[PDB]
$ cat start_10.txt   # compact mmCIF, C-alpha atoms
# COMPACT_ATOMS: atom_id res chain seq x y z
CA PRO Q 1 112.46 108.56 100.17
CA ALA Q 2 109.07 106.87 100.60
CA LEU Q 3 108.14 104.88 103.70
CA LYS Q 4 107.91 101.77 101.53
CA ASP Q 5 111.52 102.32 100.42
CA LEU Q 6 112.91 102.70 103.95
CA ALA Q 7 110.88 99.66 105.01
CA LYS Q 8 112.00 97.65 101.97
CA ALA Q 9 115.71 98.39 102.44
CA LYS Q 10 115.37 96.60 105.81
CA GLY Q 11 113.29 93.70 104.48
CA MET Q 12 109.87 94.87 105.67
CA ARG Q 13 106.66 95.46 103.74
CA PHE Q 14 104.80 98.72 104.34
CA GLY Q 15 101.10 99.16 103.76
CA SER Q 16 97.89 100.78 104.88
CA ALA Q 17 94.16 100.29 105.22
CA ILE Q 18 91.78 101.72 102.63
CA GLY Q 19 88.01 101.54 102.57
CA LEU Q 20 84.84 102.17 100.59
CA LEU Q 21 81.71 101.17 102.54
CA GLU Q 22 81.70 102.81 105.97
CA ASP Q 23 81.71 106.49 107.00
CA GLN Q 24 81.74 107.76 103.43
CA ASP Q 25 80.55 111.36 103.74
CA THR Q 26 83.33 112.00 106.30
CA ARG Q 27 86.07 109.33 106.03
CA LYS Q 28 86.26 109.26 102.22
CA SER Q 29 89.38 107.21 101.41
CA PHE Q 30 89.41 105.07 98.24
CA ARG Q 31 87.15 107.42 96.26
CA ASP Q 32 89.65 110.28 96.72
CA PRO Q 33 92.15 110.03 93.83
CA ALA Q 34 94.76 112.15 95.64
CA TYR Q 35 94.55 109.87 98.69
CA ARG Q 36 94.94 106.83 96.43
CA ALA Q 37 98.04 108.42 94.90
CA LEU Q 38 99.56 109.20 98.30
CA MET Q 39 98.98 105.63 99.45
CA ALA Q 40 100.55 104.29 96.26
CA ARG Q 41 103.54 106.58 96.80
CA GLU Q 42 104.32 105.67 100.40
CA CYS Q 43 103.03 102.08 100.54
CA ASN Q 44 103.43 98.81 98.69
CA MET Q 45 100.78 96.96 100.71
CA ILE Q 46 97.01 97.31 100.96
CA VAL Q 47 94.47 96.04 103.47
CA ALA Q 48 90.69 96.35 103.36
CA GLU Q 49 89.29 98.34 106.27
CA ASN Q 50 85.91 96.57 106.19
CA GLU Q 51 85.36 95.18 102.69
CA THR Q 52 86.53 91.62 103.43
CA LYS Q 53 84.87 91.23 106.82
CA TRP Q 54 82.08 88.67 107.03
CA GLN Q 55 79.47 91.37 107.71
CA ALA Q 56 80.36 93.04 104.39
CA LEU Q 57 80.61 89.93 102.20
CA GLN Q 58 77.58 87.96 103.45
CA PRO Q 59 75.37 90.34 105.45
CA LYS Q 60 72.46 88.01 104.64
CA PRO Q 61 72.40 84.47 103.19
CA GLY Q 62 73.27 83.90 99.54
CA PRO Q 63 76.29 84.89 97.46
CA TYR Q 64 79.17 87.04 98.63
CA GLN Q 65 79.47 90.80 98.11
CA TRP Q 66 82.87 91.09 96.46
CA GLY Q 67 82.12 94.37 94.64
CA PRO Q 68 83.98 96.90 96.79
CA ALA Q 69 86.80 94.51 97.66
CA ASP Q 70 87.19 93.56 93.99
CA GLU Q 71 87.34 97.23 93.01
CA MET Q 72 89.94 98.25 95.58
CA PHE Q 73 92.03 95.13 95.02
CA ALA Q 74 92.04 95.61 91.25
CA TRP Q 75 93.38 99.08 92.04
CA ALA Q 76 95.97 97.49 94.34
CA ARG Q 77 97.05 95.08 91.61
CA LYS Q 78 97.45 97.85 89.04
CA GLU Q 79 99.59 99.82 91.51
CA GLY Q 80 101.72 96.79 92.42
CA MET Q 81 100.64 96.35 96.04
CA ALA Q 82 100.48 93.15 98.07
CA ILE Q 83 97.10 92.41 99.65
CA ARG Q 84 96.11 91.15 103.10
CA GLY Q 85 92.79 89.60 104.02
CA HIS Q 86 91.11 91.30 106.98
CA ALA Q 87 89.50 89.41 108.47
CA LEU Q 88 88.25 85.83 108.23
CA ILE Q 89 86.49 85.60 111.61
CA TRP Q 90 85.74 88.42 114.06
CA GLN Q 91 84.75 86.50 117.15
CA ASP Q 92 82.33 88.82 118.94
CA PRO Q 93 78.69 88.31 117.85
CA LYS Q 94 78.49 92.06 117.24
CA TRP Q 95 80.89 91.44 114.32
CA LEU Q 96 79.27 88.31 112.84
CA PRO Q 97 76.33 88.50 110.41
CA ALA Q 98 72.91 88.52 112.08
CA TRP Q 99 71.89 85.26 110.39
CA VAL Q 100 75.12 83.63 111.57
CA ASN Q 101 74.43 84.67 115.17
CA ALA Q 102 70.85 83.39 114.77
CA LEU Q 103 71.98 79.92 113.67
CA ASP Q 104 70.74 76.88 115.61
CA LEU Q 105 73.97 74.92 115.90
CA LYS Q 106 73.44 73.12 119.22
CA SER Q 107 70.71 70.99 117.62
CA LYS Q 108 73.17 69.71 114.99
CA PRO Q 109 76.53 67.90 115.20
CA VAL Q 110 79.76 69.85 115.56
CA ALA Q 111 80.50 68.68 112.02
CA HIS Q 112 77.74 71.08 110.93
CA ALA Q 113 79.42 74.15 112.43
CA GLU Q 114 82.69 72.87 110.98
CA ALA Q 115 81.01 72.70 107.56
CA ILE Q 116 79.79 76.29 107.87
CA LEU Q 117 83.23 77.60 108.85
CA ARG Q 118 84.88 75.53 106.11
CA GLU Q 119 82.50 76.95 103.51
CA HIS Q 120 83.32 80.51 104.60
CA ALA Q 121 87.09 79.94 104.74
CA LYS Q 122 87.20 78.11 101.40
CA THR Q 123 85.18 80.81 99.63
CA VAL Q 124 87.26 83.66 101.03
CA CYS Q 125 90.64 82.00 100.50
CA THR Q 126 90.13 80.64 96.98
CA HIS Q 127 88.65 83.94 95.83
CA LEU Q 128 91.65 85.78 97.34
CA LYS Q 129 94.30 83.36 96.12
CA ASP Q 130 97.06 85.97 95.63
CA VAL Q 131 96.77 87.30 99.20
CA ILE Q 132 100.03 87.08 101.15
CA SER Q 133 98.65 87.18 104.71
CA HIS Q 134 95.25 86.43 106.28
CA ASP Q 135 93.91 87.60 109.64
CA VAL Q 136 92.28 84.25 110.37
CA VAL Q 137 90.77 85.12 113.77
CA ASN Q 138 90.34 88.72 114.93
CA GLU Q 139 90.02 89.80 118.58
CA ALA Q 140 89.20 86.55 120.39
CA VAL Q 141 90.43 87.54 123.88
CA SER Q 142 88.54 89.82 126.25
CA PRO Q 143 90.50 93.02 127.04
CA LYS Q 144 88.88 92.95 130.51
CA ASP Q 145 90.00 89.60 131.95
CA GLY Q 146 91.80 87.70 129.18
CA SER Q 147 88.94 85.24 128.74
CA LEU Q 148 88.01 84.08 125.26
CA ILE Q 149 85.15 85.94 123.58
CA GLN Q 150 82.22 83.60 122.92
CA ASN Q 151 79.94 83.27 119.90
CA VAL Q 152 77.52 80.76 118.40
CA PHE Q 153 80.49 78.76 117.06
CA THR Q 154 82.60 78.61 120.23
CA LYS Q 155 79.51 77.84 122.32
CA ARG Q 156 79.06 74.75 120.13
CA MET Q 157 82.64 73.56 119.49
CA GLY Q 158 84.71 75.23 122.19
CA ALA Q 159 86.70 78.43 121.70
CA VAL Q 160 90.16 76.92 121.18
CA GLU Q 161 88.61 74.21 119.03
CA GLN Q 162 86.96 76.83 116.82
CA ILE Q 163 90.11 78.95 116.47
CA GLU Q 164 92.35 75.95 115.73
CA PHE Q 165 89.82 74.73 113.15
CA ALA Q 166 89.61 78.14 111.48
CA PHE Q 167 93.40 78.23 111.20
CA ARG Q 168 93.49 74.73 109.71
CA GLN Q 169 90.88 75.61 107.08
CA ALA Q 170 92.71 78.83 106.19
CA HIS Q 171 95.93 76.83 105.84
CA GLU Q 172 94.17 74.26 103.66
CA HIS Q 173 92.63 76.76 101.24
CA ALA Q 174 95.45 79.34 101.36
CA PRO Q 175 98.58 77.21 101.76
CA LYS Q 176 100.97 79.98 100.71
CA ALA Q 177 99.47 82.56 103.08
CA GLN Q 178 100.86 83.76 106.38
CA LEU Q 179 98.15 83.04 108.94
CA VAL Q 180 97.87 85.68 111.65
CA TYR Q 181 95.94 86.09 114.88
CA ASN Q 182 95.13 89.81 115.02
CA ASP Q 183 94.31 91.71 118.21
CA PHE Q 184 94.99 94.99 120.00
CA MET Q 185 96.77 93.82 123.16
CA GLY Q 186 99.63 96.08 124.20
CA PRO Q 187 101.75 97.56 126.98
CA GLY Q 188 99.99 98.24 130.26
CA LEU Q 189 99.60 97.00 133.85
CA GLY Q 190 95.95 96.14 134.53
CA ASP Q 191 93.44 94.73 132.07
CA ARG Q 192 96.11 95.32 129.43
CA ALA Q 193 98.24 92.74 131.25
CA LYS Q 194 95.31 90.33 131.53
CA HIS Q 195 94.69 90.74 127.80
CA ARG Q 196 98.35 90.00 127.07
CA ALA Q 197 98.30 86.92 129.32
CA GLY Q 198 95.12 85.50 127.78
CA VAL Q 199 96.55 86.05 124.30
CA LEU Q 200 99.79 84.34 125.32
CA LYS Q 201 97.69 81.42 126.56
CA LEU Q 202 95.77 81.19 123.29
CA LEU Q 203 98.99 81.27 121.25
CA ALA Q 204 100.68 78.70 123.50
CA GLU Q 205 97.76 76.26 123.23
CA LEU Q 206 97.51 76.83 119.47
CA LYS Q 207 101.18 75.98 118.91
CA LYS Q 208 100.85 73.06 121.35
CA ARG Q 209 98.02 71.48 119.34
CA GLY Q 210 99.94 71.71 116.06
CA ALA Q 211 97.70 74.43 114.63
CA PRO Q 212 99.13 76.28 111.57
CA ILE Q 213 99.36 79.79 113.01
CA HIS Q 214 102.30 81.74 111.61
CA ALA Q 215 102.16 85.16 113.26
CA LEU Q 216 100.66 87.56 115.78
CA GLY Q 217 99.23 90.87 114.59
CA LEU Q 218 99.75 93.82 116.94
CA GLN Q 219 97.06 96.28 115.90
CA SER Q 220 99.17 98.92 117.69
CA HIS Q 221 96.46 101.50 118.38
CA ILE Q 222 98.77 103.20 120.84
CA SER Q 223 98.05 106.12 123.17
CA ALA Q 224 99.76 107.96 126.01
CA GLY Q 225 99.42 104.94 128.30
CA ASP Q 226 101.75 102.99 125.99
CA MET Q 227 104.74 105.22 126.77
CA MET Q 228 107.75 103.04 127.52
CA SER Q 229 110.90 105.17 127.86
CA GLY Q 230 111.82 106.79 131.15
CA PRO Q 231 112.09 105.46 134.72
CA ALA Q 232 108.33 105.76 135.32
CA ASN Q 233 107.80 103.33 132.42
CA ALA Q 234 110.48 100.75 133.31
CA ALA Q 235 108.04 97.98 134.30
CA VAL Q 236 105.68 98.55 131.35
CA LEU Q 237 108.62 98.31 128.92
CA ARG Q 238 110.07 95.20 130.58
CA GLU Q 239 106.68 93.46 130.48
CA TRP Q 240 105.98 94.42 126.85
CA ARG Q 241 109.39 93.06 125.86
CA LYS Q 242 108.64 89.89 127.83
CA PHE Q 243 105.37 89.45 125.91
CA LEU Q 244 107.08 89.85 122.53
CA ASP Q 245 109.90 87.58 123.71
CA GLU Q 246 107.42 84.83 124.57
CA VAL Q 247 105.57 85.28 121.27
CA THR Q 248 108.69 85.01 119.12
CA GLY Q 249 109.91 82.18 121.35
CA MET Q 250 106.90 80.12 120.31
CA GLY Q 251 108.09 80.40 116.70
CA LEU Q 252 105.56 83.11 115.81
CA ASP Q 253 106.39 86.03 113.54
CA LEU Q 254 105.02 89.52 114.15
CA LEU Q 255 103.08 92.19 112.29
CA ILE Q 256 102.18 95.78 113.03
CA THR Q 257 98.74 95.71 111.46
CA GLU Q 258 96.68 98.82 112.33
CA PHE Q 259 99.04 101.58 113.45
CA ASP Q 260 97.78 104.98 114.59
CA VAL Q 261 98.29 107.10 117.71
CA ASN Q 262 95.39 108.14 119.94
CA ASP Q 263 96.00 111.83 120.69
CA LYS Q 264 93.32 112.40 123.34
CA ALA Q 265 95.82 112.95 126.19
CA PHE Q 266 97.78 115.62 124.29
CA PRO Q 267 97.20 119.41 124.10
CA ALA Q 268 94.84 121.16 121.71
CA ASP Q 269 97.74 122.96 120.01
CA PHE Q 270 98.39 121.24 116.68
CA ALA Q 271 102.18 121.60 116.98
CA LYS Q 272 102.46 120.30 120.56
CA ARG Q 273 100.12 117.43 119.70
CA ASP Q 274 102.11 116.53 116.59
CA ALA Q 275 105.30 116.54 118.66
CA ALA Q 276 103.74 114.33 121.34
CA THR Q 277 102.39 111.81 118.82
CA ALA Q 278 105.79 111.81 117.09
CA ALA Q 279 107.75 111.09 120.28
CA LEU Q 280 105.23 108.42 121.33
CA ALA Q 281 105.40 106.75 117.92
CA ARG Q 282 109.20 106.84 118.07
CA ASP Q 283 109.34 105.22 121.52
CA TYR Q 284 106.80 102.50 120.79
CA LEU Q 285 108.21 101.68 117.36
CA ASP Q 286 111.79 101.61 118.64
CA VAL Q 287 110.78 99.00 121.20
CA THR Q 288 108.52 96.86 119.01
CA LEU Q 289 110.55 97.01 115.77
CA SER Q 290 113.76 95.67 117.36
CA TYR Q 291 112.33 92.18 116.76
CA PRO Q 292 113.66 91.05 113.35
CA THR Q 293 110.69 88.68 112.96
CA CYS Q 294 108.29 91.64 112.54
CA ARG Q 295 108.30 91.72 108.74
CA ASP Q 296 105.12 93.78 108.20
CA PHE Q 297 104.01 97.29 109.17
CA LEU Q 298 100.66 98.84 108.21
CA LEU Q 299 98.90 102.11 109.04
CA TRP Q 300 95.16 102.06 109.74
CA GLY Q 301 94.80 104.90 107.28
CA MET Q 302 97.58 107.41 106.63
CA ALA Q 303 95.60 110.68 106.67
CA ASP Q 304 93.99 112.12 109.79
CA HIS Q 305 90.54 112.80 108.36
CA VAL Q 306 90.02 109.21 107.14
CA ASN Q 307 91.09 107.55 110.39
CA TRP Q 308 88.47 105.66 112.40
CA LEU Q 309 89.46 107.46 115.62
CA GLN Q 310 87.63 110.56 114.34
CA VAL Q 311 84.18 108.98 114.84
CA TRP Q 312 84.69 106.00 117.17
CA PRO Q 313 83.00 107.40 120.29
CA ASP Q 314 85.35 106.13 123.00
CA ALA Q 315 88.08 108.35 121.50
CA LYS Q 316 86.34 111.72 121.15
CA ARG Q 317 88.37 114.55 122.67
CA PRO Q 318 87.06 116.73 125.52
CA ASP Q 319 87.51 119.75 123.29
CA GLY Q 320 85.63 119.53 120.03
CA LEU Q 321 88.87 119.13 118.12
CA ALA Q 322 89.54 116.38 115.59
CA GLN Q 323 92.22 113.79 116.28
CA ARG Q 324 95.56 114.01 114.46
CA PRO Q 325 96.56 110.32 114.72
CA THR Q 326 98.28 109.49 111.39
CA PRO Q 327 101.54 110.60 109.68
CA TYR Q 328 99.69 112.92 107.24
CA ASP Q 329 97.24 115.73 107.96
CA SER Q 330 93.86 116.38 106.35
CA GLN Q 331 95.63 118.27 103.53
CA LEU Q 332 97.83 115.21 102.79
CA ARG Q 333 100.92 117.01 104.15
CA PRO Q 334 103.54 115.01 106.08
CA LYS Q 335 103.55 115.53 109.84
CA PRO Q 336 106.41 115.10 112.35
CA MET Q 337 105.09 111.61 113.15
CA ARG Q 338 106.00 110.53 109.61
CA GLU Q 339 109.51 111.77 110.38
CA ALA Q 340 109.55 109.74 113.61
CA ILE Q 341 108.43 106.63 111.70
CA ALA Q 342 111.09 107.21 109.03
CA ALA Q 343 113.72 107.46 111.77
CA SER Q 344 112.50 104.26 113.43
CA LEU Q 345 112.68 102.51 110.06
CA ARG Q 346 116.23 103.78 109.56
CA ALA Q 347 117.50 102.75 113.00
CA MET Q 348 115.81 99.34 113.30
CA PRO Q 349 117.69 96.05 112.83
CA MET Q 350 117.58 94.21 109.52
CA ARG Q 351 114.70 91.75 109.43
CA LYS Q 352 115.56 88.08 109.73
CA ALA Q 353 115.51 86.23 106.41
$ encode --input "start_10.txt" --output "C-alpha cells"
Amino acid sequence: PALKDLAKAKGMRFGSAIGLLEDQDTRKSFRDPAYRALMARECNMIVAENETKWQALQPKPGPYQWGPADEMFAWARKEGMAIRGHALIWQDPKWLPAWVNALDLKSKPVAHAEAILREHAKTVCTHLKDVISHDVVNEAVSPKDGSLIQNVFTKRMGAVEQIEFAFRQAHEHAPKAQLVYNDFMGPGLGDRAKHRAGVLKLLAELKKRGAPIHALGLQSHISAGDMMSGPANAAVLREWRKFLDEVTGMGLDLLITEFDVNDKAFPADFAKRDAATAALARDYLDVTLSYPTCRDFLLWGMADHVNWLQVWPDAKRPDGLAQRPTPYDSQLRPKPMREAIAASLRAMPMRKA
C-alpha cells in the first residue's frame, strides 16, 4: 500500500515538496520523470519548494513569474493532487525581494504598506484559487530568543499587526483555504524552548485579536536532539506535548509540512544510519501524530539526493558522506524509514472530522 493510502484510511492527506528552480544540476526533482512517478504513487498532495515564494514570483518589479509553478501545478492537477501555497510571506529580509526590502515605507502611511501586502496576497490567492492550504506567514519567530523577526513591513506597522493583516488578506482572497503559520519550532530545552514560547505567544495574540488563522505548520526537520522516548527524554517529551496541547487548545489545527530527518549524528554505515533515522522518525511521529487535529503530512522531498539537507551548509557531515534523510534512497528504493512512517500511519488515531 502507498503512503497516501495509509494516510487516507485515517483521514489525513499525504504530500511532498517538488521543485524546479534551485539546485538543478544536483537536486533535480520535477524534471526527473521517474521521481515524478514515485511522488504520484506515494502522495496525493504537492507543495512547491520555492516556486511560489515571493523571491521567485516577483524578484524585481513588474508581473509575476508563474512559469515554473504553473508547470508543476498543471502536472499536479493531471495526477489528481491537492496543492498548497508555500509561502505568502517569509518574514526575514533575506527571504523578501531586494526591491521590497529597499522600499521607503516610513515616509508613507501604514495604509501604503497595507496596500502593498494586499496586492501581493490578492494576486497570489486569486491566481491559486484551487489551493487547499496557504502558508500565510513563514518563520516569523527568532529561534534564538523567541522574538519576532523584523522586516521593512513590521518596522512600519508592527510585527503582530503585519501578521494579523496578512492573515486577514489571505482569508479575504482565499476564503476556502486553510491558513497556516509555518515554522520549524520543535522539541528541545534551550533556544528551542524559547522558540516554542515565542510561537505560542504569537498564536495566542493572533487568536485573541480575532485573526483568521486556522493551523500551525510544524516543518518537522527533526534530528537526534528531537528524541523523545526513554527516561533521558522525559522532560523534552512532556514539554513538546504541552506545546501541542496549548496549540490545539487555542482551536488551531496542525500540519506536518516539511518532514525529513537530519542524519548528522548517526554513523557513516548506511544500514546503521537508516535504522537510526527510522527509529527517530517512529518516535517523533508517534508523539506528534497522536493529535487527531493534524490532518496533513508532507515530506520535504521523498528521495535523499533531492533533499535540501544535502547542500544546506549547517548540515554537512564531518565525513564527506551524503545525508540519507528521506524515506527513499538515491535509486528511488524504499528505506526502513518509509517502513517506520507506514507503521506510524497504521498505529495513529483516526483524525477528527
$ closest_residue --input "start_10.txt" --among "Q:84, Q:214, Q:268, Q:303" --to "residue 132 of chain Q" --atoms "only C-alpha atoms"
Q:84
$ residues_around --input "start_10.txt" --residues "residue 319 of chain Q" --least-positions-apart "3" --cutoff "12 Å" --atoms "only C-alpha atoms" --output "list in words"
residues 263, 264, 265, 266, 267, 268, 269, 315, 316, 322 and 323 of chain Q
$ closest_atom_pairs --input "start_10.txt" --of "segment 267-351 of chain Q" --to "segment 224-244 of chain Q" --cutoff "8 Å" --atoms "all atoms listed in the file" --output "JSON lines"
{"residue": "Q:280", "atom": "CA", "partner": "Q:227", "partner_atom": "CA", "distance": 6.3}
{"residue": "Q:283", "atom": "CA", "partner": "Q:229", "partner_atom": "CA", "distance": 6.5}
{"residue": "Q:284", "atom": "CA", "partner": "Q:228", "partner_atom": "CA", "distance": 6.8}
{"residue": "Q:287", "atom": "CA", "partner": "Q:241", "partner_atom": "CA", "distance": 7.7}
{"residue": "Q:288", "atom": "CA", "partner": "Q:241", "partner_atom": "CA", "distance": 7.9}
$ closest_residue --input "start_10.txt" --among "Q:37, Q:12, Q:21, Q:141" --to "residue 302 of chain Q" --atoms "only C-alpha atoms"
Q:37
$ atom_distance --input "start_10.txt" --atom1 "atom CA of residue 252 of chain Q" --atom2 "atom CA of residue 286 of chain Q"
19.7 Å
$ residues_around --input "start_10.txt" --residues "segment 156-164 of chain Q" --least-positions-apart "5" --cutoff "7 Å" --atoms "all atoms listed in the file" --output "ChimeraX atom specification"
/Q:105-106,110,137,148,150,206,211
$ residues_around --input "start_10.txt" --residues "residue 78 of chain Q" --least-positions-apart "5" --cutoff "12 Å" --atoms "all atoms listed in the file" --output "PDB file with C-alpha atoms, in the frame of the given file"
ATOM      1  CA  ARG Q  36      94.940 106.830  96.430  1.00  0.00           C
ATOM      2  CA  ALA Q  40     100.550 104.290  96.260  1.00  0.00           C
ATOM      3  CA  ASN Q  44     103.430  98.810  98.690  1.00  0.00           C
ATOM      4  CA  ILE Q  46      97.010  97.310 100.960  1.00  0.00           C
ATOM      5  CA  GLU Q  71      87.340  97.230  93.010  1.00  0.00           C
ATOM      6  CA  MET Q  72      89.940  98.250  95.580  1.00  0.00           C
ATOM      7  CA  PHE Q  73      92.030  95.130  95.020  1.00  0.00           C
ATOM      8  CA  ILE Q  83      97.100  92.410  99.650  1.00  0.00           C
TER       9      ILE Q  83
END
$ atom_distance --input "start_10.txt" --atom1 "atom CA of residue 353 of chain Q" --atom2 "atom CA of residue 11 of chain Q"
8.0 Å
$ axis_aligned_box --input "start_10.txt" --around "segment 280-287 of chain Q" --padding-each-side "6 Å" --output "lines of an AutoDock Vina configuration file"
center_x = 108.5
center_y = 103.7
center_z = 119.4
size_x = 18.6
size_y = 21.4
size_z = 16.2
$ closest_residue --input "start_10.txt" --among "Q:193, Q:117, Q:281, Q:261" --to "residue 310 of chain Q" --atoms "only C-alpha atoms"
Q:261
$ closest_residue --input "start_10.txt" --among "Q:186, Q:198, Q:334, Q:68" --to "residue 218 of chain Q" --atoms "all atoms listed in the file"
Q:186
$ residues_around --input "start_10.txt" --residues "residue 34 of chain Q" --least-positions-apart "5" --cutoff "12 Å" --atoms "all atoms listed in the file" --output "PDB file with C-alpha atoms, in the frame of the given file"
ATOM      1  CA  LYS Q  28      86.260 109.260 102.220  1.00  0.00           C
ATOM      2  CA  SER Q  29      89.380 107.210 101.410  1.00  0.00           C
ATOM      3  CA  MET Q  39      98.980 105.630  99.450  1.00  0.00           C
ATOM      4  CA  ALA Q  40     100.550 104.290  96.260  1.00  0.00           C
ATOM      5  CA  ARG Q  41     103.540 106.580  96.800  1.00  0.00           C
ATOM      6  CA  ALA Q 303      95.600 110.680 106.670  1.00  0.00           C
ATOM      7  CA  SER Q 330      93.860 116.380 106.350  1.00  0.00           C
ATOM      8  CA  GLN Q 331      95.630 118.270 103.530  1.00  0.00           C
ATOM      9  CA  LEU Q 332      97.830 115.210 102.790  1.00  0.00           C
ATOM     10  CA  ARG Q 333     100.920 117.010 104.150  1.00  0.00           C
TER      11      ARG Q 333
END
$ closest_residue --input "start_10.txt" --among "Q:271, Q:341, Q:152, Q:48" --to "residue 86 of chain Q" --atoms "all atoms listed in the file"
Q:48
$ residues_around --input "start_10.txt" --residues "residue 259 of chain Q" --least-positions-apart "4" --cutoff "7 Å" --atoms "only C-alpha atoms" --output "list in words"
residues 219, 220, 221, 298, 299 and 300 of chain Q
$ atom_distance --input "start_10.txt" --atom1 "atom CA of residue 142 of chain Q" --atom2 "atom CA of residue 52 of chain Q"
23.0 Å
$ closest_residue --input "start_10.txt" --among "Q:296, Q:329, Q:314, Q:5" --to "residue 270 of chain Q" --atoms "all atoms listed in the file"
Q:329
$ residues_near_point --input "start_10.txt" --point "(74.0, 85.8, 112.6)" --cutoff "10 Å" --atoms "all atoms listed in the file" --output "ChimeraX atom specification"
/Q:55,59-61,93-104,151-152
$ write_last_selection --input "start_10.txt" --atoms "C-alpha atoms" --output "CSV table (one decimal), in the frame of the given file"
chain,number,residue,atom,x,y,z
Q,55,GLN,CA,79.5,91.4,107.7
Q,59,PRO,CA,75.4,90.3,105.4
Q,60,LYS,CA,72.5,88.0,104.6
Q,61,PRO,CA,72.4,84.5,103.2
Q,93,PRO,CA,78.7,88.3,117.8
Q,94,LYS,CA,78.5,92.1,117.2
Q,95,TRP,CA,80.9,91.4,114.3
Q,96,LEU,CA,79.3,88.3,112.8
Q,97,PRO,CA,76.3,88.5,110.4
Q,98,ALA,CA,72.9,88.5,112.1
Q,99,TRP,CA,71.9,85.3,110.4
Q,100,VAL,CA,75.1,83.6,111.6
Q,101,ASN,CA,74.4,84.7,115.2
Q,102,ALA,CA,70.8,83.4,114.8
Q,103,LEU,CA,72.0,79.9,113.7
Q,104,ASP,CA,70.7,76.9,115.6
Q,151,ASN,CA,79.9,83.3,119.9
Q,152,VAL,CA,77.5,80.8,118.4
$ decode --input "start_10.txt" --residues "segment 208-220 of chain Q" --atoms "N, CA, C and O atoms" --output "short mmCIF file (atom, residue, chain, number, x, y, z; two decimals), in the first residue's frame"
data_model
loop_
_atom_site.label_atom_id
_atom_site.label_comp_id
_atom_site.auth_asym_id
_atom_site.auth_seq_id
_atom_site.Cartn_x
_atom_site.Cartn_y
_atom_site.Cartn_z
N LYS Q 208 -6.42 35.92 19.90
CA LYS Q 208 -7.05 36.92 20.76
C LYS Q 208 -7.61 38.07 19.93
O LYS Q 208 -8.69 38.59 20.24
N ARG Q 209 -6.90 38.48 18.89
CA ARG Q 209 -7.35 39.62 18.09
C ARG Q 209 -8.44 39.26 17.09
O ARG Q 209 -8.93 40.16 16.40
N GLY Q 210 -8.85 38.00 17.01
CA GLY Q 210 -9.83 37.60 16.02
C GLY Q 210 -9.27 37.31 14.64
O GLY Q 210 -10.04 37.26 13.68
N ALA Q 211 -7.96 37.13 14.52
CA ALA Q 211 -7.35 36.92 13.22
C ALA Q 211 -7.69 35.53 12.68
O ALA Q 211 -7.70 34.55 13.43
N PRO Q 212 -7.96 35.41 11.38
CA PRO Q 212 -8.36 34.11 10.79
C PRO Q 212 -7.18 33.19 10.48
O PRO Q 212 -6.83 32.91 9.33
N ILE Q 213 -6.53 32.71 11.54
CA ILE Q 213 -5.50 31.67 11.42
C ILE Q 213 -6.14 30.33 11.76
O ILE Q 213 -6.81 30.20 12.79
N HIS Q 214 -5.94 29.34 10.89
CA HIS Q 214 -6.58 28.05 11.09
C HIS Q 214 -5.65 26.96 11.58
O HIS Q 214 -6.14 25.99 12.18
N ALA Q 215 -4.34 27.08 11.37
CA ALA Q 215 -3.48 25.97 11.75
C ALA Q 215 -2.03 26.41 11.92
O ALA Q 215 -1.59 27.45 11.41
N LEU Q 216 -1.29 25.57 12.64
CA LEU Q 216 0.15 25.69 12.80
C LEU Q 216 0.84 24.60 11.97
O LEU Q 216 0.42 23.44 12.01
N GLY Q 217 1.87 24.99 11.24
CA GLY Q 217 2.66 24.07 10.44
C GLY Q 217 4.02 23.76 11.04
O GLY Q 217 4.94 24.59 11.02
N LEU Q 218 4.13 22.55 11.59
CA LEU Q 218 5.38 22.00 12.11
C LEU Q 218 6.22 21.52 10.94
O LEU Q 218 5.95 20.48 10.35
N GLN Q 219 7.25 22.30 10.59
CA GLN Q 219 8.13 21.88 9.50
C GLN Q 219 8.72 20.50 9.77
O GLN Q 219 8.87 19.70 8.84
N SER Q 220 9.03 20.20 11.03
CA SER Q 220 9.46 18.87 11.45
C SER Q 220 10.74 18.44 10.74
O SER Q 220 10.82 17.35 10.16
#
